[PDB]
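J.: Return a 3D structure for these sequence lines:
(7 chains)
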Amino acid sequence: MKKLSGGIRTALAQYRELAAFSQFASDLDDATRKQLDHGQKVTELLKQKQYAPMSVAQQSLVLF
Amino acid sequence: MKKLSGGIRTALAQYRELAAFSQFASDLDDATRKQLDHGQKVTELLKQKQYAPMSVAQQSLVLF
Amino acid sequence: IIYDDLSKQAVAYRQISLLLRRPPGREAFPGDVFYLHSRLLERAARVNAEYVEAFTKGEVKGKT
Amino acid sequence: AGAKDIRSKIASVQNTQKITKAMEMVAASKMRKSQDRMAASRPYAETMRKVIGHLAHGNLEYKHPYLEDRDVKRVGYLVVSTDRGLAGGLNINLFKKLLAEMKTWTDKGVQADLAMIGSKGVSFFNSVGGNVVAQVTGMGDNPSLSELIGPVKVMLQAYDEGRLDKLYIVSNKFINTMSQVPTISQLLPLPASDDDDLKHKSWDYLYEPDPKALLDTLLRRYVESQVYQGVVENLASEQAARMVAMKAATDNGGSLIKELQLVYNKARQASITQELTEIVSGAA
Amino acid sequence: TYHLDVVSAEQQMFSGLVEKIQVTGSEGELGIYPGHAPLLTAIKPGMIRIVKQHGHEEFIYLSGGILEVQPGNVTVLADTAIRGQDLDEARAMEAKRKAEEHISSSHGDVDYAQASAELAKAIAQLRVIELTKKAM
Amino acid sequence: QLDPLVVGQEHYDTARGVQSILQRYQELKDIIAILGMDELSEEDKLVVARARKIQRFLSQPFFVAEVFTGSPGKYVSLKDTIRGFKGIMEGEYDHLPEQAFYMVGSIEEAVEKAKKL
Amino acid sequence: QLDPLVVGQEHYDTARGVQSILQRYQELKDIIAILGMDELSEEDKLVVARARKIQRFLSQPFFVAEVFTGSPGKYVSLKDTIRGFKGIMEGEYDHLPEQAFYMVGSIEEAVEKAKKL
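T.: Numbers count the residues shown, from 1 in each chain, chains lettered A, B, ... in the order given. You can find the structure just below:
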């Protein structure tokens, strides 16, 4: 987990302000479009049902 | 008066909802400019001098 | 160990303190509300093998 | 006042700072694009002017109306204005300059006439009461030459019909990212080329069908192209002005948080003190 | 080969060297080989045939324009839309009409509109200057 | 209790759909103010129309409010509520005017009111 | 004592107009602070300039304050001040720099001070 989760936190911290910029800016640079859609994929990935805990294997695989 | 005041309530309601734009009035579409300019006028209509009471007929006439 | 709400332990302590006439402090919480949570959460600790051995009188040696 | 109202106001001012900080970036990117679209526009006019020069006042010349300084009995202006506020002083400086020159002209008893690009100027000159004869609005950030044909068609028709004697375009000039200047400049009759095409001596064109019919269309297309270039430069200046306006607004919001927070701390301390003193000095 | 430029009032539409071209000039179909004498003519709307060096043909559709084949450089000053008199007079009447009816359309900037609306709503009833004692 | 396991996927989906239409309409309000409605997309105008119809349809005439307005009260089952809001969201009533939903009650009374308008 | 009956309609109306203008200027002070003055509508830029002229014209030199400013004091009759404020509001002095109004007794002295800047 230490190896596969290095960037996640700061990546999301930046993506959540870039998504706040995004509302007023259409016609976004493709460079930032990539980052926005990736942050969105990961944010959609981390949500979880209320009683479905994951073993370290499953979490590490999904984060891989 | 019960009949006539129903429209005053809604005129002032929509005016209070649009008031934020009164400072950017030039940008607005004319479809809302009419609502804002009707609100300002019904607001200017409710002003009244001291010791000058209106009988119910005069109030109803002016609100009509 | 999970304390379902330390926020309500503080309120219960504020009550049981004011009812004893003890002088209050900020937000009417007793003077030592910090000491209340401090001396509780400072028990959550990892404890080395020598302490475990000495407390249990040599009955356990390898464990922390 | 009270801690809660001041904290709500602080939250709203931070939100305002976010909005302006975003508008600045949007305006900067649009400024780059709108001056690329400006750089792209030069070659057409740059070559059309050479052709017109050679035909008009080279070794040979023709006597088209648009080239001779007839008597000025009334003047027309083509006015470029933004379609979006928050540009700073861009539009009002330009309109004040125009009003001063139109004052000068009307003093001599010569009338003035106006055609408006963009809606800001339309509203302004409706309020002041200037005579507006044709207008196009709502071009926004996608100016296209097929839309400018209308008003310049009107002004040209009124020029060669004898009802104008001089025609100007007033617009902003994008000089540096930090500075832009309003300019009134003449485009009928045609201003004087710095260069000489005496070196074109050696050759002349093969006109099909004849040069007189071609010079007319060349001059019309050149006027339209200059009006288009003016529109695009005014658009780039609009973006560069909105950018600095939003930068200053972000800095002013930032310098206002630092006052609202002092007021907030003062109210927080006063409320703590009053509550705790009421309790203690009430007991016993 | 010679250097051809096809430029609109807005954007450049082509460039490079060319072997020859075929244009439908105003007085009739026409073909410009290298070294052609200086010629100036209007051209009717339609396709312009290019054969780029190494024979690579391509067609560009030109709504019209003025062709100027100078001694070494032929440049086509194409335009963006069909031009005539029946049309430009329609546009001029429409502009006379819009100004006269006092009709004004909205811009298309759906971004500036949202930004401006959020900025106007956030700044309303803020009363900050009455609250911090800024003298002003 | 608003989660699928207790109310069922039908109720949960209808509720989240209503909230989505109203949230989007809130966004569209300021664009409609500034630029005007005729600039909206051809789908967005449909969102505006359906959001306003949903908004009108949430009002209801109460039996105990008859003394304020004289109009008779209505009792609306849950089945009728879900059926109505789902039908509105899926365009089955795009042909009725907005006011046909105001203080209406059940959805059938909306068509009976629109016939009168 | 500020009633139409007690002080006459002209005095009362001038006072209320001054209040209205200054309050309208207060309401703009925050938008001026954030967005700068160039965003104000042309109608609301006139209000601001007249508000500031009025702010300065309420200043006056006092005979007991010569010790501080050196300038001689002034005594302004009521008839002479309601006229100056009617003028400033109606616009008949709307071509004069603000500092023409700082520490002057009567409007005459302001139009006279403007000659010296």
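J.: where do the helices sit along chain E?
T.: Ranges of helices within chain E are E:88-101, E:110-122, E:128-131, based on DSSP state H.
J.: Wondering if the last one reaches chain G at all.
T.: Right, the one you point to is helix E:128-131. Yes - shown here: helix E:128-131 in contact with chain G (CB under 8 Å from any CB of the partner chain) through E:128, E:129, E:130. Just so you know, the C-beta spots here come from the backbone N, C-alpha and C atoms, and that holds for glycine as well.
J.: List only buried entries from those.
T.: By neighbour count, with 16 or more other CB atoms under 10 Å in any protein chain shown, the residues of helix E:128-131 next to chain G hold E:128, E:129 as buried.
J.: okay, the residues of helix E:128-131 next to chain G in CSV with distance to residue D:217 next?
T.: Converted to CSV, these look like this (distance: CB to CB, whole Å):
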residue, distance to residue D:217
E:128, 60
E:129, 60
E:130, 64
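J.: Show me which of the residues of helix E:128-131 next to chain G is closest to chain C.
T.: Closest approach to chain C among these (CB to the nearest CB): residue E:128, at 27.7 Å.
J.: Contact partners for that closest one?
T.: With contact set as CB atoms under 8 Å, 6 or more residues apart in numbering or on different chains, residue E:128 has these partners: D:9, D:13, D:256, D:259, D:260, G:30, G:33.
J.: And residue E:61, by the same measure?
T.: E:46, E:47, E:48.
J.: Repeat the analysis, applying 7 Å as the threshold.
T.: Residues near residue E:61 by CB atoms under 7 Å, 6 or more residues apart in numbering or on different chains: residue E:47.
J.: now the strand or helix carrying residue D:156, how far from the chain's geometric center?
T.: According to DSSP states H and E, residue D:156 maps onto helix D:145-160. Centroid separation for helix D:145-160 versus its chain: 19 Å, with CA atoms, centre = their mean, to the nearest Å.
J.: Would you mind listing the buried residues in it?
T.: Buried, per 16+ other CB under 10 Å, within helix D:145-160: D:145-156, D:158-159.
J.: now, which of the residues you listed sits nearest chain F?
T.: Using CB to the nearest CB, the buried residues of helix D:145-160 come closest to chain F at residue D:147, 17.1 Å.
J.: just checking, the closest one touches residue D:136?
T.: Yes - assessed by CB atoms under 7 Å, residue D:147 is found in contact with residue D:136 at 5.6 Å.
J.: before we move on, back to that, dump the buried residues of helix D:145-160 to a markdown table, plus distance to chain G.
T.: Formatted as a markdown table, these follow (distance: CB to the nearest CB, whole Å):
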| residue | distance to chain G |
| --- | --- |
| D:145 | 31 |
| D:146 | 33 |
| D:147 | 27 |
| D:148 | 27 |
| D:149 | 31 |
| D:150 | 27 |
| D:151 | 24 |
| D:152 | 28 |
| D:153 | 31 |
| D:154 | 27 |
| D:155 | 26 |
| D:156 | 32 |
| D:158 | 29 |
| D:159 | 31 |
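J.: Can you pull up the most central residue in chain A?
T.: residue A:42 (3.0 Å; CA atoms, centre = their mean).
J.: For that one, list the residues it contacts.
T.: Taking CB under 7 Å, 6+ apart, we find residue A:42 in contact with A:8, A:12.
J.: Kindly recompute the last result at 10 Å.
T.: Going by CB atoms under 10 Å, 6 or more residues apart in numbering or on different chains, residue A:42 touches A:7, A:8, A:11, A:12, A:15, A:63.
J.: how close does it get to residue A:35?
T.: The gap separating residue A:42 from residue A:35 is 11 Å, by CB to CB, to the nearest Å.
J.: between the two, what contacts are shared?
T.: Applying CB under 10 Å, 6+ apart, one finds that residue A:42 and residue A:35 are jointly contacted by A:11, A:15.
J.: if we can go back for a sec, go through the contacts of residue E:128 and name the one nearest chain E.
T.: Minimum distance to chain E across those is 4.0 Å, recorded for residue D:259 (CB to the nearest CB).
J.: Leaving aside the residues adjacent along the chain, what's closest to that closest one?
T.: residue E:132 (4.0 Å; CB to CB, 6 or more residues apart in numbering or on different chains).
J.: check contacts around the one you found.
T.: Counting by CB under 10 Å, 6+ apart, residue E:132 has contacts D:6, D:9, D:256, D:258, D:259, D:260, D:261, D:262, D:263, D:264, G:33.
J.: How about residue D:117?
T.: D:78-83, D:134-137, D:139, D:143, D:147-148, D:151-152, D:169, D:171, D:227, D:230-231, D:234.
J.: quick one, helices of the chain?
T.: Let's take chain A. Using DSSP H, helices in chain A cover A:8-22, A:30-46, A:56-63.
J.: My question was about chain D, not that one.
T.: D:2-39, D:42-57, D:90-107, D:119-128, D:145-160, D:211-282.
J.: May I have the phi/psi pair for the spatially closest residue to residue D:83 that is not a sequence neighbour?
T.: Nearest residue to residue D:83, sequence neighbours excluded (CB to CB, 6+ apart): residue E:107, at 4.2 Å. Taking degrees, to the nearest 10, you get phi -70, psi 170 for the backbone angles of residue E:107.
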